[PDB]
């Protein structure tokens, strides 16, 4: 089978002229890691995790380092990961002082009889697993400090989907949330069916945008229902995002990969950084009708 990886940044407004190149490099890097894992025969779960670790470590993206700040100027993160073979999953919410929430979500999946850990319990589990505690300041960027001050005086998670050489599908979603959010606010990112969904019998979805809207419509599972009903990945993505817009006035985006290798990146927001790698080619874009295709050997 031909493996595919699709990655996305936040499903938010227009991006600054010079920030677009840092964003472009970040998306290329995430898709390169994801695809590289797939091309050596790695699993879909390792591919989506690898892609999302890259975006968490990148201060340009709203996950890990570069996470938006809550009302107290702190970084509180959420993440979920799912394997489409057995529907096994791991999720974390309101996590702090760790570099990679998606790796902690992977440890919840592999090392516990549970799939979702939160706040104090997720921090205690991270310590028991030997996950290093990093100072909160190391996750905080200057651009985010300014965003918080701007907001106080008046978006979207990162993710990845993959299809591996064995026919397995997976998704990973990670976020810092929304600027100036309440303490302990949980978005759609750690919630299965909302932040993403992966099932080998259908495909895999990872979403971004206004978390409350994504939660209310169960955006990731809804997209896969349309595929089950015979719609293409493009029709499914349009129908489910269109429904979020009309029903709950929510904007956002998503990436999909079907079990047959069809993929798409769609959004109702102004932009959504995205990249896809398949058959030695890299597809990239931010704005509608700005897609670039290059060789990815």
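Positions refer to the first chain, counted from 1.
Mean C-alpha B-factor is higher over 63-71 than over the other stretch, the pair under comparison being 47-55 and 63-71.
Stretches compared: 129-137, 184-192. Higher mean C-alpha B-factor in the entry: 129-137. When the Cα B-factors of 226, 106, 145, 85 are read from the PDB record, 145 comes out highest.
Based on the entry's C-alpha B-factors, the most elevated value among 98, 81, 222, 204 belongs to 98. Sort the chain's modelled residues by C-alpha temperature factor and residue 172 lands in the lowest third, per the entry. When the CA B factors of the chain's modelled residues are split into thirds, the value for residue 199 lands in the lowest one.
In this PDB entry, residue 164 carries a Cα temperature factor that places it within the lowest third of its chain's modelled residues. Sort the chain's modelled residues by C-alpha temperature factor and residue 209 lands in the middle third, per the entry. Sort the modelled residues of the chain by CA B factor and residue 5 lands in the lowest third.
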